[PDB]
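Read the single chain below, which is given as structure tokens and is the form deposited in one PDB entry.
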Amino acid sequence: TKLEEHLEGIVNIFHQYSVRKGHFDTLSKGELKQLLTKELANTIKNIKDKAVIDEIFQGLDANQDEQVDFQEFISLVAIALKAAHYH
């Protein structure tokens, strides 16, 4: 299915960024910064702002381990999905 394909897509993009550094299944502040700035540049306003990136990071990182795992990632998909529907 296309819907399935879009889902595997999102999953693929997650890993695309999570493997660069440290844990392969988790995103570091730095990797999330990349993901955010390159992949949602037209979705989240001011995503370019150091403060905006930090605020998003601190909020996904529910368990304070300094990493964003896949389950925490889902939150971001939901926010983004909200924006994309608004346009």
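Only residues modelled in both forms are compared. For every residue, the number given is its place in the sequence shown, counted from 1. Under this definition, the rigid core comprises the largest set of C-alpha atoms superposing within 1.5 Å between the forms.
The form deposited in another entry exists for this protein as well; it is not shown, and the discussion that follows is about that form.
Open item on the list: Core superposed first: is there a CA shift of 2 Å or greater at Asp65 between the shown form and the other one?
Closed with: Moves: yes, 2 Å or greater.
- [ ] Kindly check if the Cα atom of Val52 is displaced 2 angstroms or more between the shown form and the other one relative to the superposed rigid core.
- [x] Yes, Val52 moves 2 Å or more.
Task: Cα separation of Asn46 and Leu32 in the other entry versus here, shift of 3 Å or more - done: Farther, not closer.
Open item on the list: Assuming the CA distance changes by 3 angstroms or more, are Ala80 and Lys50 closer together or farther apart in the other entry compared with the shown structure?
Closed with: Compared with this form, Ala80 and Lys50 lie closer in the other entry.
Task: Segments displaced between the shown form and the other one (3 or more residues, each Cα shift of 2 Å or more, core-superposed) - done: 44 to 65 is the only stretch that shifts between the shown form and the other one.
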